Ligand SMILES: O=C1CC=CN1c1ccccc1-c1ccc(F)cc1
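What follows is a single chain, given as structure tokens, in the form solved without this ligand.
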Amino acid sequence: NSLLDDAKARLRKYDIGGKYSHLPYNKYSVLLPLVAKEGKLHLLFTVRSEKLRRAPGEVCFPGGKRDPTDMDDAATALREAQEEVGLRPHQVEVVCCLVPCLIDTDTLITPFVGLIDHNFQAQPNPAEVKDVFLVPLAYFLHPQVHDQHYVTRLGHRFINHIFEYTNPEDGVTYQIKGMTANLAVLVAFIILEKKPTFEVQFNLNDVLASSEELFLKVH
């Protein structure tokens, strides 16, 4: 079995399908894209352009607002990823839908995890993406540069991470934070099963149940 075949195996146990579809919120989807490169797994990220209303300049996963013409939440993740980085449908296999996050009182973000084909080459769309980059999956469990702080908001205490990663190939440094960082850490732990060198939001011995309770406590 390949690196991505092993990931699919661990991710399947956490797929909750459509359990949290049809909820009365404004809907956004994101796609977490897993890439095998040089003998290990990485996650692909985007940097949003300045001209966007929502979250300009921020580091995020590919994705966006659910359009009235999209058939469902998964279709949104796939279309937005094609528009932002050139990913075609045959180049990604969606293997997991995760418990969603509420960024607002009104806004629900639904996350999908996708296995990315090895012959895919990113093509950033400069209309809405300033940059596209990779980070090794293991970095989110054993980082060289990382800080974190509690923020009760609201109520219940969440954890704000800030990861800093420098790509040795081209010398550019990126910061990954907020909901994007929470998701990277969760999926990294699911796939690699190593305890992080820091405290996390969820229960390491009870990942799925604690994840749902967390959402319900804000829903």
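Sequential numbering from 1, following the sequence displayed.
Here the subject shifts to the form deposited with this ligand bound, a form of this protein not shown in this document.
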Query raised in the report: Looking at the partner-bound form in the bound PDB entry, is residue 109 within 4.5 Å of this ligand by any heavy atom?
Result: yes
Query raised in the report: Would residue 104 sit within 4.5 Å of this ligand in the bound PDB entry, counting heavy atoms only?
Result: yes
Query raised in the report: Do residue 187 and this ligand share at least one heavy atom pair within 4.5 Å in the bound PDB entry?
Result: no
Requested in this report: Examine residue 163 and determine whether its closest non-hydrogen atom to this ligand in the bound PDB entry is within 4.5 angstroms.
Outcome: no
Query raised in the report: in the bound PDB entry, does each residue in the set 71, 74 and 97 place a non-hydrogen atom within 4.5 angstroms of this ligand?
Result: no
Query raised in the report: Within 47-61, which residues come within 4.5 Å of this ligand in the bound PDB entry, counting heavy atoms only?
Result: 48, 54, 55, 58, 60, 61
